[PDB]
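Report on the structure given below.
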Amino acid sequence: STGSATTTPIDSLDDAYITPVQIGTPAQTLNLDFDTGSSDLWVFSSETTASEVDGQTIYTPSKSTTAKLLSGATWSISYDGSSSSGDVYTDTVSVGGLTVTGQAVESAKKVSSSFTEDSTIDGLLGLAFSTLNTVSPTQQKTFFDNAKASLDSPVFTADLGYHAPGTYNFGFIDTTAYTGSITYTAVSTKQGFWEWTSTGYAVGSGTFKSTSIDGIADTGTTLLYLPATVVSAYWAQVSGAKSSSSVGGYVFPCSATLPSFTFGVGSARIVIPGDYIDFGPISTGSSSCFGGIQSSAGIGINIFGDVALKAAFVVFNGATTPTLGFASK
Ligand SMILES: CCC[C@@H](NN)c1nnnn1Cc1ccccc1
C-alpha cells in the first residue's frame, strides 16, 4: 500500500504545516501537524475542556462506530513549553488513502494555551520512533510504525513547501519530486529521534566549513537551531543583525536581503535560500524581523526544523536500520 497527502502552511510565515487525516467511521477529518520529532497522535476532542477549545475541529469518539476506549490508558506530553494530556481510543485512521486499523488516537482532555490559541491545528501526528510514545501503562505505536509492514517500501517522505503546499508520501519515493540524487546518511535512534550528523555548512557564497553537526530532522519545529558558533557566523553577514535577549533570539532589519545557508549531507549540499530565513516583524508593524536560524544553546540538541527541511526532499527510511535521505528540489 501507499498514501499521499498534501500538507499546507498554517499561515503566511510557514509557522507549521497541517495535513488532513481521516479518523473513525464515518470519517471525521482533522487537520494535524505531522511531527517527526514526537510519537503521539493526539487530537482535540469532545472530551477537551470547553474553555480550551477555540475554533479547532474536534474528534467525537462516540460518533465513530469503530472507536474503542483503550481501558486504563492515559497520555501526557510536554513539548517549547506547550503540553497536552488525556485518554486513549483505538480507531481507524487514514492519511492520503493509506489506512491503519486499531491506531491509538489520544484524545485531549487538557491542552495548554498555545494549542488553544492556534485554531488551525487540530492535533499532532507523531512520526518519530515509537519509543517516545507517552501512553501509559501500555506504550502505543505511531501511525508509521503500524502501517510499515503493509507499505510497498518502509518509508515516508516529507516535501514541505516554501509559502506553498507540499506533500507527505507513505510507502514510495516520488522520483519526479526532486532533482539530482538522494544522499542517504546514518541515523541514531537512541534518543527516539531521526538523529543524524550534518557534514558542515556555508553562509551565502562563502567557503564550506567541514564540521560534524549532530541534530534531528524535525518537521514539527519551525526554525533551524544550530550551534552558537554557526549561528553567529551566519548573522554576522547581515548588517544590523543582533541577538536580542528581550525578543529571544537573533533579529535583523526587515529591509535586509538575507544570505543563503548551505548544510552538508555527506558530500552533498542543501541550499536554504535567504528568503526562507525571514520570519517577519517581531511584532505587528515593527521594522525588526525575526531570524529563521537560531542558536540551539540551551536546547541541548540541534534541530533541522522546517526552515531546513523545506529546502529538500527528505526520505525517512524506516528499514531495519533506519536512515535519512536528502535531495535538492
Ligand atoms: C527535542 C525537540 C523535539 C521537538 N518535537 N517536534 C519539540 N518538542 N517540543 N518542542 N520542540 C521543538 C523545539 C523545542 C525547543 C526549542 C525550540 C523548538
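Using Swiss-Prot numbers, chain A covers 90-168, 170-419, in order.
Quick check of the header: X-ray crystallography, 1.1 Å.
Note: Cβ is positioned from N, Cα and C throughout, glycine not excepted.
According to Swiss-Prot, the features are:
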ACT_SITE  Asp124  active site
ACT_SITE  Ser288  active site
DISULFID  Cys344-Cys379  disulfide bond
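Structure with Swiss-Prot features highlighted.
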{"residue": "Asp124", "record": "active site", "Cβ within 10 Å": "21"}
{"residue": "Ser288", "record": "active site", "Cβ within 10 Å": "22"}
{"residue": "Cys344", "record": "disulfide bond", "Cβ within 10 Å": "14"}
{"residue": "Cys379", "record": "disulfide bond", "Cβ within 10 Å": "21"}
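In the vicinity of ligand 1, defined as a Cβ distance under 6 Å, the following of the recorded positions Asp124, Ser288, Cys344, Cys379 are placed: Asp124. A Cα-Cα distance of 30 Å separates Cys344 (disulfide bond) from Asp124 (active site). Geometry remark: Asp124 (active site) versus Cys379 (disulfide bond), CA distance 26 Å. Across the structure, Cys379 (disulfide bond) and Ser288 (active site) place their CA atoms 27 angstrom apart.
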